[PDB]
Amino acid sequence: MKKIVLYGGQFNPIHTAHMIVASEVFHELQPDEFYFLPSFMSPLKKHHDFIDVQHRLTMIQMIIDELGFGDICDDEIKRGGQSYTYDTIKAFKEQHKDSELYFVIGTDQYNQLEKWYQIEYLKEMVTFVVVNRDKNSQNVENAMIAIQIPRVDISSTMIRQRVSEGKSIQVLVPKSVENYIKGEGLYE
């Protein structure tokens, strides 16, 4: 019964397009609970030798403050290693047995779901909720939920690139995160 949405990501940094995704999914699905799920290391992505956790968590909190909804699921941070969603979900479900689970992904992940660890099992444990990225609409199978959002081509990679360049990131991230990135010297 009780509807729980988890929204997974590197969030390095979280940005305005992540907010649009969270907001649209949350307003459409009206879940009982909404979790931003920051990875320790996102499978299929490269990582630095040192994995920042604290700056990422702080900026996520800033998005929660601005949105007026949400919580952070720290499971993957605590676990460490490669953050396979199957493992996370198996353990999370054990702790939330009376709840229907939703996992929010964009087009880019949806197009490579066959590369996800234990995906045949994972498809049985969550309802994937897919938002359009780099296109204006996404089609999904009946077992999944497609949510159409205004197309906004912002990435975390874009944010880090601009900052290292010395290029402004105003609006692309909320003012709180912009000031935080600047005061902390992130990505410089």
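We number the residues from 1 along the sequence you see.
Remark: stretch with higher mean C-alpha B factor among 138-146 and 30-38 is 138-146.
Look at the mean CA B-factor for 97-105 and for 82-90 in the entry; the higher one is 97-105. Highest C-alpha temperature factor among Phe128, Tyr121, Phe50, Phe69 per the entry: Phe50.
By the numbers in the PDB entry, the CA B factor is greatest at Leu44 among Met59, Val152, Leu44, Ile159. When the modelled residues of the chain are ordered by their C-alpha B factor, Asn179 lands in the middle third. Looking at the C-alpha B-factors along this chain, the one for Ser23 belongs to the middle third.
The entry lists a Cα temperature factor for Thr16 that places it in the lowest third of the chain's modelled residues. In the deposited entry, the Cα temperature factor of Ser168 places it in the highest third of its chain's modelled residues.
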